[PDB]
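In the block that follows, a single chain appears as structure tokens, in the form deposited without the DNA.
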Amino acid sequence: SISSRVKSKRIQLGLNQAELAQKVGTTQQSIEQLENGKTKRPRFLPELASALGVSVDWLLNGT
């Protein structure tokens, strides 16, 4: 699940949504909606992908 990943990987890294947002250079609010799974094709997909350290494909589907 999109949301599942985006929360749990953050938890895994030990970053809150706040530090994650900052590393990504977005804001916690975007990360909040994203965590809830509101975004599908976000402009900052690869940024999230890098900051988490997961594939685009994993974040899309799960690979």
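In this text, residue numbers run from 1 along the sequence as written.
Unshown form solved in complex with the DNA; subsequent notes refer to it.
Using a 4.5 Å cutoff between non-hydrogen atoms, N16 counts as a contact of the DNA in the bound PDB entry. Using a 4.5 angstroms threshold between heavy atoms, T39 counts as touching the DNA in the bound PDB entry. If you take 26-43 and check each residue for a heavy atom within 4.5 Å of the DNA in the bound PDB entry, you get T26, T27, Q28, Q29, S30, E32, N36, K38, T39, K40, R41, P42, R43, in sequence order.
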